[PDB]
There are 2 protein chains.
Amino acid sequence: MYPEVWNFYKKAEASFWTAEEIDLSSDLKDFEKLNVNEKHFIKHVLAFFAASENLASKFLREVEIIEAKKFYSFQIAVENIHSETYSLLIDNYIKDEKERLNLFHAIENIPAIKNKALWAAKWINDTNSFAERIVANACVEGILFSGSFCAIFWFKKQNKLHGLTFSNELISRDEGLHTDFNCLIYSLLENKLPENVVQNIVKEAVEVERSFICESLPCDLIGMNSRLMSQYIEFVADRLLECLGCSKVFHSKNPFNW
Amino acid sequence: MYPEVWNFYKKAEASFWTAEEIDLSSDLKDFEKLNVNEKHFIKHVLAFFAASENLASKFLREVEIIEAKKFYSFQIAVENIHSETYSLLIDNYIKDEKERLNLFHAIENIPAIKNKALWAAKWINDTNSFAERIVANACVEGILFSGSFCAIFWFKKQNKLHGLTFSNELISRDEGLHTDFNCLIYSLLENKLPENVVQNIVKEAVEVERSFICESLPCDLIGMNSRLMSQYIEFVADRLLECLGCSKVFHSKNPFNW
Ligand SMILES: [Fe+3]
Ligand SMILES: [Fe+3]
């Protein structure tokens with residue numbers, strides 16, 4: 001078998017959770033005590049998470065190793081559970097349906113999606129190299145939403161938002177596992193990529209990610225600094241290059257120790 | 001939204017379980033207390049379960065309702081857990097690699113496979129009607145293996161095999177849920193089939209199923225009766241037709257109340 005891969009499965013499995021353990025009960029009081037620029041940051045972020053797609057199922061049919069198909073088929077279930085958690089959150093902070101939608105079109109045309117899709121067109125759901133796909137994959141599950149995830153933790157450091165932050169917790173922890181996973185498949189990889197290509201994929205993922213949190217929907221107005229955040233991406237990116245067995249490209253220290 | 005389909009998801013989810021909860025520790029003593037005809041019945045049925053494919057994934061792409069892809073994407077993870085449990089059981093009852101292999105090489109040419117495969121070619125994995133697919137699916141997950149599942153209850157009535165019968169129980173219960181499901185989608189169906197054709201599919205499922213437990217690997221000597229089994233299928237298949245909103249075809253009462 002492939003014993004290190006099986007450890008990721010048993011860890012995802014034994015780490016399984018559902019939307020029932022969340023109980024948004026206790027803080028829309030927090031959200032109405034929040035202020036006016038912070039309110040639509042959240043309303044936009046949650047609506048951004050609910051937009052992105054087929055991915056694991058495309059590697060489910062490619063990766064011909066039972067241990068790994070098992071991890072990916074388990075990925076889609078857990079990822080569906082992240083999806084419901086958001087629909088449930090979008091259900092509570094954005095309670096009445098007028099505004100739900102007034103605000104789903106509102107994203108569609110949000111250059112962060114211009115960037116996110118165009119990138120997905122160039123590297124993912126593509127037709128040249130499998131190697132390229134997992135690298136671009138490990139960015140999707142590593143670099144993308146990295147910014148958004150950190151910005152909900154800025155509410156967790158204020159002891160506000162009730163499982164906006166606790167769900168956020170489980171979801172990023174989860175998405176962390178997926179990331180190390182695509183590293184290991186890279187690590188098992190027949191003919192690895194030249195570091196020159198991997199860094200392009202990565203840089204572009206970074207530039208794509210930043211057009212969310214620093215530009216489209218600026219963290220610089222939940223209390224954060226867009227430039228410090230821009231540095232968090234860099235550091236996330238570098239971490240990821242090391243997990244991919246590559247040398248860094250932005251050498252940048254942890255802007256937040258939290 | 002489709003609230004009845006949501007209920008089957010939340011009942012799958014809330015009914016989730018893993019291979020860790022079985023721990024086969026306590027009865028290969030039973031296995032070796034058993035006799036020759038039962039030994040290889042079991043070694044063959046376990047090997048039969050580990051041979052059949054992609055199914056729900058094919059419906060995951062077709063059925064364009066969130067609540068339902070949710071149920072299907074979770075089906076494939078729980079069906080992976082069924083698989084693993086079987087692999088683990090083949091690992092204990094058939095401990096030495098010698099035979100793991102001379103056994104999937106008996107099986108992989110058994111007349112029940114020629115049956116199983118051919119009927120999968122005529123109805124499933126097909127290019128004519130989606131209605132047919134669900135009916136044929138409801139059979140895959142309703143009539144097929146019903147014989148084999150009942151044969152393992154035979155061993156549960158004798159207070160033997162530790163979770164051969166206990167997993168057997170969680171897997172049947174689970175397959176039970178997936179059958180009920182396919183009923184509901186046919187029940188929400190745009191244009192339902194004429195019962196003339198539904199009965200053909202089921203007949204042929206029935207015949208295919210019987211070629212396993214009453215012919216290829218006869219329950220008739222783990223202690224059971226082949227004919228009585230053959231009527232359990234009919235009864236099972238009758239129940240299915242009611243579940244599918246059709247009249248019966250072999251009106252036959254419960255041969256076993258257990
Ligand atoms: Fe993920
Ligand atoms: Fe099933």
# chains A, B, ... in the order shown; residues from 1 in each chain; ligands from 1
call {"tool": "residues_around", "arguments": {"residues": "residue 217 in chain B", "least_positions_apart": "3", "cutoff": "10 Å", "atoms": "only C-alpha atoms", "output": "number ranges by chain"}}
result
B: 40-42, 44-45, 48, 110, 112, 148, 210-214, 220-221
call {"tool": "write_last_selection", "arguments": {"atoms": "N, CA and C atoms", "output": "compact mmCIF listing (two decimals), in the first residue's frame"}}
result
# COMPACT_ATOMS: atom_id res chain seq x y z
N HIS B 40 -15.35 -21.73 3.06
CA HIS B 40 -15.23 -21.14 1.76
C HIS B 40 -16.41 -20.48 1.16
N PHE B 41 -17.54 -20.59 1.83
CA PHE B 41 -18.64 -19.83 1.46
C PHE B 41 -18.24 -18.44 1.81
N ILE B 42 -17.95 -18.22 3.10
CA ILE B 42 -17.51 -16.91 3.59
C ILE B 42 -16.34 -16.33 2.80
N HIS B 44 -15.41 -16.80 -0.12
CA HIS B 44 -15.94 -16.43 -1.44
C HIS B 44 -16.92 -15.28 -1.41
N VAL B 45 -17.74 -15.14 -0.36
CA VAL B 45 -18.69 -14.04 -0.38
C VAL B 45 -18.04 -12.75 -0.15
N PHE B 48 -16.51 -11.69 -3.11
CA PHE B 48 -17.47 -11.25 -4.08
C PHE B 48 -17.83 -9.81 -3.81
N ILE B 110 -16.41 -16.29 -12.34
CA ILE B 110 -17.71 -16.71 -11.87
C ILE B 110 -18.86 -16.25 -12.79
N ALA B 112 -21.90 -15.58 -12.04
CA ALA B 112 -22.53 -14.40 -11.46
C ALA B 112 -21.94 -13.06 -11.94
N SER B 148 -26.67 -12.17 -0.38
CA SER B 148 -25.50 -12.41 0.34
C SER B 148 -25.57 -11.83 1.75
N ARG B 210 -29.90 -14.08 -8.17
CA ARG B 210 -30.01 -15.51 -7.82
C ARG B 210 -28.83 -16.37 -8.27
N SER B 211 -28.29 -16.02 -9.44
CA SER B 211 -27.11 -16.66 -9.97
C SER B 211 -25.92 -16.58 -9.04
N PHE B 212 -26.03 -15.78 -7.99
CA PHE B 212 -25.01 -15.77 -6.95
C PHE B 212 -25.32 -16.74 -5.85
N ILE B 213 -26.23 -16.37 -4.95
CA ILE B 213 -26.55 -17.19 -3.77
C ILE B 213 -27.28 -18.48 -3.97
N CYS B 214 -28.01 -18.64 -5.05
CA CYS B 214 -28.63 -19.97 -5.20
C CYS B 214 -27.96 -20.79 -6.24
N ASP B 220 -26.97 -22.72 0.20
CA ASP B 220 -27.43 -24.04 0.54
C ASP B 220 -26.43 -24.86 1.33
N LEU B 221 -25.43 -24.24 1.85
CA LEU B 221 -24.57 -24.99 2.70
C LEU B 221 -23.58 -23.99 3.30
call {"tool": "closest_atom_pairs", "arguments": {"of": "chain A", "to": "ligand 1", "cutoff": "6 Å", "atoms": "only C-alpha atoms and all ligand atoms", "output": "CSV"}}
result
residue,atom,partner,partner_atom_place_in_ligand_line,distance
A:79,CA,ligand 1,1 (Fe),5.9
A:141,CA,ligand 1,1 (Fe),5.6
A:175,CA,ligand 1,1 (Fe),4.4
A:178,CA,ligand 1,1 (Fe),5.3
call {"tool": "interface_residues", "arguments": {"of": "chain B", "to": "chain A", "cutoff": "9 Å", "atoms": "only C-alpha atoms", "output": "tab-separated table (two decimals) with N, CA, C and O atoms, in the first residue's frame"}}
result
chain	number	residue	atom	x	y	z
B	13	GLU	N	-25.70	11.02	7.36
B	13	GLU	CA	-24.65	11.73	8.04
B	13	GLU	C	-24.66	11.29	9.45
B	13	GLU	O	-23.61	10.93	10.01
B	14	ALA	N	-25.86	11.33	10.03
B	14	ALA	CA	-26.05	11.09	11.46
B	14	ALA	C	-25.94	9.60	11.72
B	14	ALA	O	-26.08	9.15	12.88
B	18	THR	N	-17.34	4.20	10.98
B	18	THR	CA	-16.08	3.84	10.39
B	18	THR	C	-15.59	2.44	10.72
B	18	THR	O	-16.11	1.81	11.63
B	57	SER	N	-21.35	8.67	-8.59
B	57	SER	CA	-20.63	9.75	-9.19
B	57	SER	C	-21.28	10.12	-10.51
B	57	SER	O	-21.15	11.26	-10.99
B	70	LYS	N	-25.51	16.34	-2.50
B	70	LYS	CA	-25.06	16.17	-1.15
B	70	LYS	C	-25.19	14.73	-0.66
B	70	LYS	O	-24.28	14.19	-0.04
B	73	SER	N	-22.66	12.51	-2.92
B	73	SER	CA	-21.23	12.72	-2.56
B	73	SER	C	-20.93	12.08	-1.22
B	73	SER	O	-19.82	11.65	-1.01
B	74	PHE	N	-21.92	11.94	-0.35
B	74	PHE	CA	-21.68	11.29	0.91
B	74	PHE	C	-21.86	9.79	0.73
B	74	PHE	O	-21.28	9.00	1.49
B	75	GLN	N	-22.65	9.34	-0.24
B	75	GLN	CA	-22.79	7.89	-0.50
B	75	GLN	C	-21.43	7.27	-0.78
B	75	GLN	O	-21.11	6.23	-0.27
B	76	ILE	N	-20.62	7.96	-1.59
B	76	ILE	CA	-19.38	7.40	-2.12
B	76	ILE	C	-18.37	7.31	-1.02
B	76	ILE	O	-17.59	6.37	-0.99
B	77	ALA	N	-18.33	8.28	-0.11
B	77	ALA	CA	-17.46	8.13	1.07
B	77	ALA	C	-17.88	6.93	1.95
B	77	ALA	O	-17.05	6.04	2.18
B	78	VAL	N	-19.16	6.84	2.36
B	78	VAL	CA	-19.62	5.70	3.13
B	78	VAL	C	-19.47	4.36	2.38
B	78	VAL	O	-19.34	3.28	3.01
B	80	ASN	N	-16.98	3.68	0.28
B	80	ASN	CA	-15.52	3.49	0.55
B	80	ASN	C	-15.27	2.88	1.92
B	80	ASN	O	-14.44	1.97	2.07
B	81	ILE	N	-16.01	3.34	2.92
B	81	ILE	CA	-15.86	2.73	4.22
B	81	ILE	C	-16.35	1.29	4.23
B	81	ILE	O	-15.75	0.46	4.92
call {"tool": "residues_around", "arguments": {"residues": "residue 139 in chain A", "least_positions_apart": "4", "cutoff": "9 Å", "atoms": "only C-alpha atoms", "output": "PyMOL selection string"}}
result
chain A and resi 134-135+143-144+179+201-202+205-206+237+240
call {"tool": "select_by_dssp", "arguments": {"residues": "range 92-221 of chain B", "states": "alpha helix (DSSP H)", "output": "number ranges by chain"}}
result
B: 92-93, 97-107, 111-122, 130-140, 146-156, 165-187, 195-210
call {"tool": "closest_residue", "arguments": {"among": "A:161, A:235, A:56, A:245", "to": "residue 33 in chain A", "atoms": "only C-alpha atoms"}}
result
A:161
call {"tool": "atom_distance", "arguments": {"atom1": "CA of residue 189 in chain B", "atom2": "CA of residue 236 in chain B"}}
result
22.8 Å
call {"tool": "closest_residue", "arguments": {"among": "B:82, B:157, B:122, B:239", "to": "ligand 2", "atoms": "only C-alpha atoms and all ligand atoms"}}
result
B:82
call {"tool": "atom_distance", "arguments": {"atom1": "CA of residue 249 in chain B", "atom2": "CA of residue 174 in chain B"}}
result
25.9 Å
call {"tool": "residues_around", "arguments": {"residues": "residue 92 in chain A", "least_positions_apart": "5", "cutoff": "9 Å", "atoms": "only C-alpha atoms", "output": "list in words"}}
result
residues 24, 28 and 87 of chain A
call {"tool": "write_last_selection", "arguments": {"atoms": "C-alpha atoms", "output": "PDB file, in the first residue's frame"}}
result
ATOM      1  CA  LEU A  24     -24.900  29.930  15.612  1.00  0.00           C
ATOM      2  CA  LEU A  28     -25.966  37.961  15.954  1.00  0.00           C
ATOM      3  CA  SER A  87     -25.218  28.454   3.633  1.00  0.00           C
TER       4      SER A  87
END
call {"tool": "closest_residue", "arguments": {"among": "B:115, B:158, B:35, B:137", "to": "ligand 2", "atoms": "only C-alpha atoms and all ligand atoms"}}
result
B:137
call {"tool": "closest_residue", "arguments": {"among": "B:247, B:146, B:165, B:159", "to": "ligand 2", "atoms": "only C-alpha atoms and all ligand atoms"}}
result
B:146
call {"tool": "residues_around", "arguments": {"residues": "residue 244 in chain A", "least_positions_apart": "6", "cutoff": "10 Å", "atoms": "only C-alpha atoms", "output": "mmCIF file with C-alpha atoms, in the first residue's frame"}}
result
data_model
loop_
_atom_site.group_PDB
_atom_site.id
_atom_site.type_symbol
_atom_site.label_atom_id
_atom_site.label_comp_id
_atom_site.auth_asym_id
_atom_site.auth_seq_id
_atom_site.Cartn_x
_atom_site.Cartn_y
_atom_site.Cartn_z
ATOM 1 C CA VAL A 135 0.517 22.188 -7.897
ATOM 2 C CA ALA A 138 -2.250 22.722 -3.702
ATOM 3 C CA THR A 179 -2.871 21.085 1.437
ATOM 4 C CA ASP A 180 -0.332 18.841 3.051
ATOM 5 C CA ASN A 182 -1.373 17.378 -2.381
ATOM 6 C CA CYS A 183 2.225 17.864 -1.189
ATOM 7 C CA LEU A 184 2.576 14.218 -0.449
ATOM 8 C CA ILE A 185 1.202 13.199 -3.872
ATOM 9 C CA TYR A 186 3.719 15.617 -5.379
ATOM 10 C CA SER A 187 6.265 13.943 -3.176
ATOM 11 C CA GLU A 195 10.930 24.689 -9.673
ATOM 12 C CA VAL A 198 5.943 25.686 -9.729
ATOM 13 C CA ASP A 238 6.648 30.368 1.000
#
call {"tool": "atom_distance", "arguments": {"atom1": "CA of residue 160 in chain B", "atom2": "CA of residue 11 in chain B"}}
result
29.2 Å
call {"tool": "decode", "arguments": {"residues": "range 157-172 of chain A", "atoms": "N, CA, C and O atoms", "output": "mmCIF file, in the first residue's frame"}}
result
data_model
loop_
_atom_site.group_PDB
_atom_site.id
_atom_site.type_symbol
_atom_site.label_atom_id
_atom_site.label_comp_id
_atom_site.auth_asym_id
_atom_site.auth_seq_id
_atom_site.Cartn_x
_atom_site.Cartn_y
_atom_site.Cartn_z
ATOM 1 N N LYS A 157 -9.927 36.917 17.596
ATOM 2 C CA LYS A 157 -9.065 37.622 18.626
ATOM 3 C C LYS A 157 -9.798 38.729 19.410
ATOM 4 O O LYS A 157 -9.256 39.232 20.404
ATOM 5 N N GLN A 158 -11.029 39.050 18.976
ATOM 6 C CA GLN A 158 -11.921 40.027 19.642
ATOM 7 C C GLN A 158 -13.019 39.346 20.449
ATOM 8 O O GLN A 158 -13.901 40.023 21.024
ATOM 9 N N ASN A 159 -12.940 38.018 20.514
ATOM 10 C CA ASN A 159 -13.974 37.191 21.159
ATOM 11 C C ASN A 159 -15.389 37.566 20.780
ATOM 12 O O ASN A 159 -16.264 37.799 21.587
ATOM 13 N N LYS A 160 -15.562 37.635 19.475
ATOM 14 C CA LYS A 160 -16.813 37.865 18.832
ATOM 15 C C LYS A 160 -17.020 36.762 17.785
ATOM 16 O O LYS A 160 -16.073 36.070 17.320
ATOM 17 N N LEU A 161 -18.291 36.636 17.413
ATOM 18 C CA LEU A 161 -18.762 35.803 16.285
ATOM 19 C C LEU A 161 -18.564 34.302 16.438
ATOM 20 O O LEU A 161 -18.102 33.632 15.544
ATOM 21 N N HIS A 162 -18.878 33.810 17.620
ATOM 22 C CA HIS A 162 -19.641 32.589 17.750
ATOM 23 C C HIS A 162 -19.561 31.486 16.699
ATOM 24 O O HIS A 162 -20.591 30.995 16.262
ATOM 25 N N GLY A 163 -18.417 31.051 16.246
ATOM 26 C CA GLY A 163 -18.587 29.960 15.273
ATOM 27 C C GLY A 163 -18.777 30.441 13.849
ATOM 28 O O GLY A 163 -18.860 29.617 12.935
ATOM 29 N N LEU A 164 -18.874 31.757 13.645
ATOM 30 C CA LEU A 164 -18.244 32.337 12.435
ATOM 31 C C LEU A 164 -16.759 32.022 12.548
ATOM 32 O O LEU A 164 -16.081 31.653 11.519
ATOM 33 N N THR A 165 -16.245 32.119 13.781
ATOM 34 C CA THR A 165 -14.829 31.952 13.971
ATOM 35 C C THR A 165 -14.484 30.502 14.295
ATOM 36 O O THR A 165 -13.356 30.039 13.993
ATOM 37 N N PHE A 166 -15.429 29.787 14.913
ATOM 38 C CA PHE A 166 -15.205 28.404 15.311
ATOM 39 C C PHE A 166 -15.403 27.509 14.123
ATOM 40 O O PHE A 166 -14.772 26.470 14.010
ATOM 41 N N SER A 167 -16.290 27.894 13.224
ATOM 42 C CA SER A 167 -16.465 27.120 11.999
ATOM 43 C C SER A 167 -15.186 27.403 11.218
ATOM 44 O O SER A 167 -14.416 26.515 10.916
ATOM 45 N N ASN A 168 -14.951 28.675 10.962
ATOM 46 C CA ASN A 168 -13.690 29.127 10.396
ATOM 47 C C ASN A 168 -12.450 28.345 10.833
ATOM 48 O O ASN A 168 -11.533 28.078 10.059
ATOM 49 N N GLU A 169 -12.452 27.998 12.120
ATOM 50 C CA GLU A 169 -11.423 27.221 12.724
ATOM 51 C C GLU A 169 -11.354 25.836 12.128
ATOM 52 O O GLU A 169 -10.253 25.319 11.841
ATOM 53 N N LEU A 170 -12.523 25.201 11.991
ATOM 54 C CA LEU A 170 -12.545 23.797 11.610
ATOM 55 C C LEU A 170 -12.305 23.756 10.151
ATOM 56 O O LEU A 170 -11.642 22.827 9.668
ATOM 57 N N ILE A 171 -12.863 24.732 9.432
ATOM 58 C CA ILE A 171 -12.707 24.762 8.004
ATOM 59 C C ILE A 171 -11.250 25.001 7.611
ATOM 60 O O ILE A 171 -10.733 24.241 6.779
ATOM 61 N N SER A 172 -10.547 25.966 8.217
ATOM 62 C CA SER A 172 -9.136 26.161 7.803
ATOM 63 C C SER A 172 -8.243 25.021 8.265
ATOM 64 O O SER A 172 -7.366 24.556 7.543
#
